[PDB]
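Trainee: Sequence first, structure after; it's an experimental one.
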Amino acid sequence: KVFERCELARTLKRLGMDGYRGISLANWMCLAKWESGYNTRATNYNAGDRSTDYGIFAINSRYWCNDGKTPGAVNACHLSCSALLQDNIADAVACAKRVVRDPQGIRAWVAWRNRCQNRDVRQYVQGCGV
């Protein structure tokens with residue numbers, strides 16, 4: 001499913017993402033926008049290390065979910081990577097929360113550092129009623 005901006009903002013808010021570990025809803029939106037274009041079916045294979053980024057938050061198989069085909073990978077969110085390809089983003093949100101409980105927080109995603117860190121991200125939530 002490809003979310004429309006405000007639809008996603010409210011969906012994330014209802015799922016408890018606003019201010020989760022200090023991360024604003026606008027930061028989560030900027031992350032999803034640059035990681036998948038709000039596409040829950042987005043996938044990116046990384047030929048270099050044989051891992052795959054899954055879903056709306058492009059969560060990687062080397063550490064976060066299990067797809068059975070990633071060399072020496074772990075599964076910190078304890079989910080099949082298939083759970084990260086559902087139209088319903090509850091499991092993906094649960095996993096994203098797990099990612100940020102680690103030391104780096106939102107910085108875990110390099111894309112956030114590149115496209116969201118120290119940027120004006122107000123535009124992501126304006127007019128969404130969140």
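Mentor: Looks like it came in fine. Residues are numbered from 1 along each chain as shown.
Trainee: Residue 17 versus residue 100, what's the distance?
Mentor: Here residue 100 is placed at a distance of 10 Å from residue 17 (CB to CB, to the nearest Å). From N, CA and C alone the C-beta is placed, and that goes for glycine too.
Trainee: With residue 44 instead?
Mentor: Taking CB to CB, one finds residue 44 at 22 Å from residue 17.
Trainee: sorry, back to before: tell me which of residue 100 and residue 17 has more neighbours.
Mentor: residue 17 (23 against 19; other CB atoms under 10 Å).
Trainee: any idea which element the closest residue to that one other than its chain neighbours lies in?
Mentor: Once flanking residues are discounted, residue 17 sits nearest to residue 28: 5.2 Å by CB to CB, 6 or more residues apart in numbering. Using DSSP states H and E, residue 28 maps to helix 25-36.
Trainee: now for that helix, which elements pack on it?
Mentor: helix 5-14, helix 110-115 (3 or more CB pairs under 8 Å, 6 or more residues apart in numbering; DSSP states H and E).
Trainee: Which positions within it qualify as buried?
Mentor: Buried residues in helix 25-36, counting neighbours by 16 or more other CB atoms under 10 Å, are found at 25, 26, 27, 28, 29, 30, 31, 32, 33, 35, 36.
Trainee: Could you do stretch 6-21 as well?
Mentor: Going by 16+ other CB under 10 Å, stretch 6-21 has these buried residues: 6, 8, 9, 10, 11, 12, 13, 15, 17, 18, 20.
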